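The same protein chain appears twice below, in two forms, each given on its own as structure tokens and labelled structure 1 and structure 2.
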Structure 1
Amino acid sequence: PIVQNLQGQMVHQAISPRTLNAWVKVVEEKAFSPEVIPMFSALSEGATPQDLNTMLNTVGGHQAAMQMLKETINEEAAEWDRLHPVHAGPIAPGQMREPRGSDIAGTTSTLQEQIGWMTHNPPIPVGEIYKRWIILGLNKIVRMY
């Protein structure tokens, strides 16, 4: 997440390994059932796209479902682009780009950039947007199994 450090400023705190292990456990025992969704949301509060991807890639052994979730995310990422045309121009020092779907998904965006979009007045909540795409994919695979 992005937390206040020991010095009060907004920083990237990584994700807790035990919270990751807790997620892995939930999916290992319960599998992708309706119960796994409230859990994921609860364990991903404040998470960056990178943190959300860490949670997904730690799921060691649910291949067909993970491919289904990935496609759903990629669809939502493609929808974002279609609904969000980019303003041409060079980016100046100090600021950054408009995030594309691939950026919100963390595939073409650094943690530094995601933190930048999140820590903005008023922000591009790339963590909360991506999480919504993941929750929709979860609902899909949660009704498949």
Structure 2
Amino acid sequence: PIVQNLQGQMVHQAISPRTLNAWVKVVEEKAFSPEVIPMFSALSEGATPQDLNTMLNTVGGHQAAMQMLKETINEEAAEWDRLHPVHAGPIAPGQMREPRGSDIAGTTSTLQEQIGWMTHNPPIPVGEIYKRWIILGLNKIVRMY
């Protein structure tokens, strides 16, 4: 995740193993219940797309629900791309590129790119956008049961 230190410096840290452990245990008890959503949010403050994927990867042992979630992510990512069809290059040399849907979902962007977006002034909040897609997904799974 990205944390802000006392000087206002945004600093990246790798995801906590204790965070992953708590997430797996949460899902063991509440996988199909509405509380899985605020617990996901509780455990992902400042999370990068890469963090979010690492979290999903640990609960990968659910198959059908995870397929549903991956479908919702792909849907939302398509939708992002339709609203923001990528240009051939950035506005000028030195500028970050605009994220595509797969950049937000962390499958075609590097952690360095994610950090660059998230620490922009003001933030290009790719972790929060992805979290929204994941939550929409978790919501469908709990509705479905």
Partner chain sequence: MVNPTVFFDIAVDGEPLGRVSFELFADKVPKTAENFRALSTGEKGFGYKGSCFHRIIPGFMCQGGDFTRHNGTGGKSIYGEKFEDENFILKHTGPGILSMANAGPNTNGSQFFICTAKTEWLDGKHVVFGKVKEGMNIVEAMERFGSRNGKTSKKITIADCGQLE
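Take the two forms, superpose them, and find the largest set of C-alpha atoms that agree within 1.5 Å; that set is the rigid core. When a residue number appears, read it as a position in the sequence of structure 1, where counting begins at 1.
Subject >> Of the two forms shown alone, the one solved in complex with its partner chain >> reply: Between the two, the form solved in complex with its partner chain is shown as structure 1, not structure 2.
Subject >> 2 Å-or-more CA mover between structure 1 and structure 2, where superposition uses the core and the choices are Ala42, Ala78, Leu111, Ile91 >> reply: Residue with a C-alpha shift of 2 Å or more: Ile91.
**OP:** For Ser16, decide whether the Cα shift between structure 1 and structure 2 is 2 Å or greater, given a superposition on the rigid core.
**Re:** No, shifts by less than 2 Å.
Original post:
Quick one: CA shift at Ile124 between structure 1 and structure 2, core fit, Å?
Top reply: A shift of 1.2 Å.
**OP:** Check the Cα of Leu6 between structure 1 and structure 2 on a core superposition and give its shift in Å.
**Re:** Displacement of the alpha carbon, after core fit: 9.4 Å.
Original post:
Following alignment on the rigid core, what Cα displacement (Å) is computed for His62 between structure 1 and structure 2?
Top reply: That residue's C-alpha is offset by 0.6 Å.
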